[PDB]
Amino acid sequence: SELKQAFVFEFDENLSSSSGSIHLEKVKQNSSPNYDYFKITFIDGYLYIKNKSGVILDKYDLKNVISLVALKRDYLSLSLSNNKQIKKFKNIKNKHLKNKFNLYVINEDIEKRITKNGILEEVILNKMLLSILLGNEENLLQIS
């Protein structure tokens, strides 16, 4: 009875952080035949914006935010996760991984639930999306 294709994410950085749960779905499209598109719907979670003092300045509810991302279909060549444990989408703080498959964000917030607050929020959501996905692309392999 669990939610299907739904996973926990954790994002930690100096000036922002986030955690919660996301639903991933493959998105049919013809604009970029060498890419797979994924829709990310936030089920639960908060986006935190912090000052340099580590003080939380703002807290944003991510619930029902819809994000759209894409990466090159070469990721399909990755070996499967070995059913090792439960798949999750976490970064490692200050570790900026190489972007092997040209993962990029098409739209970080389709209804501008958060990004209507300003440019800063846009940039932060974009960086968060890349951070929880890079290094974790094999998690996308049996996502339909």
Side-chain angles (χ1 to χ4, degrees), residues 3-52 54 56-80 86-144:
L3 293 184
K4 308 301 188 292
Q5 290 180 186
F7 312 96
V8 163
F9 70 92
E10 291 187 9
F11 169 66
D12 190 42
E13 277 294 331
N14 238 343
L15 299 179
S16 60
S17 66
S18 190
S19 75
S21 307
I22 45 175
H23 174 47
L24 285 105
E25 306 173 67
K26 199 166 279 166
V27 174
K28 299 183 67 166
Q29 55 87 17
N30 293 332
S31 50
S32 308
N34 191 41
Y35 286 70
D36 282 346
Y37 288 15
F38 290 89
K39 182 163 71 187
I40 297 170
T41 300
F42 289 85
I43 298 159
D44 169 76
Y46 293 100
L47 172 61
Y48 300 86
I49 296 184
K50 297 170 288 176
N51 61 26
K52 328 213 312 174
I56 297 165
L57 297 179
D58 272 277
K59 179 164 117 155
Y60 291 109
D61 194 344
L62 285 154
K63 186 181 207 67
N64 289 337
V65 165
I66 304 171
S67 307
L68 183 59
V69 305
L71 82 170
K72 278 179 187 182
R73 278 170 60 87
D74 294 302
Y75 83 99
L76 293 175
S77 304
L78 285 170
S79 74
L80 288 59
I86 296 309
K87 292 193 292 189
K88 305 172 183 177
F89 291 91
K90 313 191 179 168
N91 77 315
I92 298 184
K93 174 163 53 137
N94 296 334
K95 197 175 287 303
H96 302 279
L97 301 189
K98 291 177 214 171
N99 191 344
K100 298 182 291 296
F101 308 111
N102 195 34
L103 172 71
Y104 73 93
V105 181
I106 295 171
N107 191 317
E108 67 287 342
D109 190 352
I110 290 173
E111 301 189 278
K112 304 187 192 59
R113 277 198 200 251
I114 292 177
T115 59
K116 66 171 149 76
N117 287 283
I119 332 71
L120 180 69
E121 282 75 12
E122 246 176 80
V123 178
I124 292 301
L125 247 188
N126 206 280
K127 189 169 67 61
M128 184 257 278
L129 284 168
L130 296 178
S131 298
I132 65 170
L133 288 170
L134 288 177
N136 296 314
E137 297 93 339
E138 72 181 289
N139 288 351
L140 304 168
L141 286 178
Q142 275 165 332
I143 296 304
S144 50

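Positions are given from 1, in the same order as the sequence printed here.
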Asker: Output the distance between atom OG (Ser144) and atom CG (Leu24), rounded to the nearest 0.5 Å.
Answerer: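 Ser144 atom OG to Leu24 atom CG measures 11.0 Å (nearest 0.5 Å).
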Asker: Listed by chain and number, what are the side chain to side chain donor-acceptor pair (under 3.5 Å) partners of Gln29, not counting sequence neighbours?
Answerer: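 By the side chain to side chain donor-acceptor pair (under 3.5 Å) rule, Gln29 matches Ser31.
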Asker: Under 3.5 Å, side-chain donor or acceptor atoms of residues 70-77 against the rest of the protein: list the pairs with distances, not counting sequence neighbours.
Answerer:
| from | atom 1 | to | atom 2 | distance (Å) |
| --- | --- | --- | --- | --- |
| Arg73 | NH1 | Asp36 | OD1 | 2.9 |
| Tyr75 | OH | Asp36 | OD2 | 2.6 |
| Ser77 | OG | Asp74 | O | 3.3 |

Asker: So, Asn30 side chain and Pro33 main chain: donor-acceptor pair closer than 3.5 Å or not?
Answerer: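 Checked: no pair found.
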Asker: Closest approach of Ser79 and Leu141, non-hydrogen atoms and distance?
Answerer: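 For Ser79 versus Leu141, the nearest heavy atoms are O-CD1, 3.6 Å.
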Asker: Between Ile132 and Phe7, is the side-chain contact (heavy atoms from CB on, under 4.5 Å) condition met? List the steps.
Answerer: CA-CA 11 Å; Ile132 65 170; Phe7 312 96; over 6 Å; no
Asker: Please examine the side chains of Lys87 and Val8, heavy atoms only from C-beta on, and report whether any two atoms are closer than 4.5 Å.
Answerer: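 No, their side chains stay 4.5 Å or more apart.
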Asker: What is the distance from atom CD1 of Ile124 to atom OG of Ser18, rounded to the nearest 0.5 Å?
Answerer: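 One finds 10.5 Å between CD1 of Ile124 and OG of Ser18.
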Asker: Please name all residues satisfying salt bridge (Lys or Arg N to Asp or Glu O under 4.0 Å) with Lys90, sequence neighbours left out, ordered by chain then number.
Answerer: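 Per chain and number, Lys90 pairs via salt bridge (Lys or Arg N to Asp or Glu O under 4.0 Å) with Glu10.
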Asker: Please tell me if the side chains of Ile22 and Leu62 come closer than 4.5 Å, counting only heavy atoms from C-beta onward.
Answerer: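 Of all side-chain heavy-atom pairs linking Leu62 with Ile22, none is under 4.5 Å.
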Asker: Taking side chain as C-beta onward, heavy atoms only, is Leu15 less than 4.5 Å from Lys52?
Answerer: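 Contact flag for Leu15/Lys52 side chains = yes.
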Asker: Among residues two or more places apart or on two chains, list those pairs meeting side-chain hydrogen bond (donor to acceptor under 3.5 Å, both in side chains) that have a residue in residues 58-69.
Answerer: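 Every pair satisfying side-chain hydrogen bond (donor to acceptor under 3.5 Å, both in side chains) with a residue in residues 58-69: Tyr60-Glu121.
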Asker: Can a side-chain donor-acceptor contact be found between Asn102 and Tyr35 if the only test is distance below 3.5 angstrom?
Answerer: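 A pair is found: one side chain offers a donor N or O, the other an acceptor, under 3.5 Å apart.
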Asker: In terms of heavy-atom contacts, does NZ of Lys26 have more than 12 from other residues, nucleotides or ligands at under 6.0 Å?
Answerer: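 Above 12, so yes.
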Asker: Can you tell me how far apart CG (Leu125) and CG (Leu130) are? Round to the nearest 0.5 Å.
Answerer: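 Going from CG on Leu125 over to CG on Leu130, the span is 10.5 Å.
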Asker: Write down the atom of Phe38, the atom of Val27, and the distance for their closest heavy-atom approach.
Answerer: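 Nearest heavy atoms, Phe38 then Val27: C-CG2, 4.1 Å.
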Asker: How long is the span from the CG atom in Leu47 to the CZ atom in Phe42, to the nearest 0.5 Å?
Answerer: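 Going from CG on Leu47 over to CZ on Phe42, the span is 8.5 Å.
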Asker: Please examine the side chains of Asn14 and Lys50, heavy atoms only from C-beta on, and report whether any two atoms are closer than 4.5 Å.
Answerer: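 SC-SC contact between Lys50 and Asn14 ruled out.
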Asker: Once you round to the nearest 0.5 Å, how far does CG of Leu68 lie from CG of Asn107?
Answerer: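 Answer for the CG-CG pair, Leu68 versus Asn107, is 7.0 Å.
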Asker: Identify the heavy atoms of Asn139 and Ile143 that sit nearest to each other, and give their distance.
Answerer: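 Here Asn139 and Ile143 meet closest at O-CG1, 3.5 Å.
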Asker: Do the side chains of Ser16 and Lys127 get nearer than 4.5 Å, heavy atoms only?
Answerer: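 In short, these two side chains touch, coming nearer than 4.5 Å.
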Asker: Report the residues that fulfil side chain to side chain donor-acceptor pair (under 3.5 Å) with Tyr46, sequence neighbours left out, ordered by chain and then residue number.
Answerer: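 For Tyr46, no residue satisfies side chain to side chain donor-acceptor pair (under 3.5 Å) once neighbours in sequence are set aside.
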Asker: Quick check against the 3.5 Å criterion: does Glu138 have a side-chain atom that pairs as donor or acceptor with the backbone of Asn136?
Answerer: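 No; judged by distance alone, with no hydrogens or angles, the pair does not exist.
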Asker: Taking side-chain contact (heavy atoms from CB on, under 4.5 Å) as the definition, give me every residue that meets it alongside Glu111, ordered by chain and number, with sequence neighbours left out.
Answerer: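 By the side-chain contact (heavy atoms from CB on, under 4.5 Å) rule, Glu111 matches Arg113.
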Asker: Stepwise, does the side-chain contact (heavy atoms from CB on, under 4.5 Å) test hold for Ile114 with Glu108?
Answerer: CA-CA 9 Å; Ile114 292 177; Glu108 67 287 342; over 6 Å; no
Asker: Which is it for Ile40 and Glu25 under the side-chain contact (heavy atoms from CB on, under 4.5 Å) test, yes or no, and what are the steps along the way?
Answerer: CA-CA 7 Å; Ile40 297 170; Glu25 306 173 67; over 6 Å; no
Asker: With rounding to the nearest 0.5 Å, note down the distance linking NE2 in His23 to NZ in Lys4.
Answerer: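 Atom-to-atom, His23:NE2 and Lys4:NZ are 10.5 Å apart.
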Asker: Counting only N and O atoms by type, is there a donor-acceptor contact under 3.5 Å from the side chain of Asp12 to the main-chain atoms of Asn91?
Answerer: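 No; zero donor-acceptor contacts below 3.5 Å.
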